[PDB]
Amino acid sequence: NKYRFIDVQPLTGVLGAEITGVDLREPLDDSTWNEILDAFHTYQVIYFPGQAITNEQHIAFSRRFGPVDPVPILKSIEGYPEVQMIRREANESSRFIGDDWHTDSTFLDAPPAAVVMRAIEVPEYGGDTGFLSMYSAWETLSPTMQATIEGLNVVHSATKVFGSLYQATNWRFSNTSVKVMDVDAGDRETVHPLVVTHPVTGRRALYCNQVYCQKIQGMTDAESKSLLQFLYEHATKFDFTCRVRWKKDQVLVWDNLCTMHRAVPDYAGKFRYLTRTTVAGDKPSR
């Protein structure tokens, strides 16, 4: 709109934008990179159709957003530790990775700031990714509700994904993309604010997710359950979401602090493979 070096097409009135008119196989001039970063901060999830980039170009483009660092759970392609896989063979019957709303690796003291995902080979239909804005979840709380919860922190851990709760369950991820982890690493706790300030935009976002949040720190289990449940229902209303469909060589970047996302498992029996590099963040803070 204001953009002169890239073409940007917002996806909904809440978040998401398609970006075209740029070739990510080539270096970006300063002005072009500035518009891309501005679109990233405005729209929170941006995607570029039709970008046939090499793995190393994927690494370098990811590096423009900040330091790259893989997440603990995913396997990487041979010869690139930074390039992890979200790969599901046609014949799998295991749990689909990321099939509840979450944001990535929040059990870390410093979760990722962003992730850059690229479609290698995906079905003609099925396997969309949903996103939602945690800026919008926060802004649509009343001032009274905001003031009530803004001093709270939450305890996060990977116990349901690769810790003792996981090991107690029957339903596994396959070993196609997921590593065997140490149970104790799965159960290690960290604490983050329930309401964070984005370190670049200064905007505030609600920060909780059902995959990694165990409870509100200092609360009883029943108090915490009641509050977190309301927040999850509030944040995942359909009005705050968008939905991204993938095609081969679509490159997408999401902000891992101010958004949540989830896989859509509607392609059972079909091969699906995307790669991703993760961009490191600093300690979430209030």
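One-based numbering along the sequence shown.
Asks: Test of understanding: from the entry's C-alpha B-factors, which stretch has the higher mean, 257-265 or 24-32?
Replies: So the stretch with the higher mean C-alpha B-factor is 24-32.
Asks: 78-86 versus 167-175: which one carries the higher mean Cα B factor per the record?
Replies: Mean B over CA atoms: larger for 167-175.
Asks: In the PDB entry, which of 118, 156, 102, 203 has its C-alpha at the highest B-factor?
Replies: The C-alpha B-factor peaks, among 118, 156, 102, 203, at 203.
Asks: Which has the highest CA B-factor per the PDB entry: 180, 211, 145, 132?
Replies: Within the set 180, 211, 145, 132, 180 shows the top C-alpha B-factor.
Asks: For residue 138, return the chain-relative third of its C-alpha B-factor as stated in the PDB record: lowest, middle or highest.
Replies: It belongs to the middle third of the chain when residues are ordered by C-alpha B-factor.
Asks: Taking the values exactly as deposited, rank residue 64 by C-alpha B-factor within its chain and report the matching third: lowest, middle or highest.
Replies: According to the entry, residue 64 has a C-alpha B-factor in the chain's middle third.
Asks: Split the chain's modelled residues into thirds by Cα B-factor; is residue 272 in the lowest, middle or highest one?
Replies: Within its chain, residue 272 is a middle-third residue by C-alpha B-factor, going by the deposited values.
Asks: Ranking the modelled residues of this chain by C-alpha B-factor as given in the entry, is residue 245 in the lowest, middle or highest third?
Replies: Middle third of the chain for residue 245's C-alpha B-factor.
Asks: By the record's CA B-factor, is residue 216 among the lowest, middle or highest third of residues in the chain?
Replies: Ranked within chain, residue 216 CA B lands in the middle tercile.
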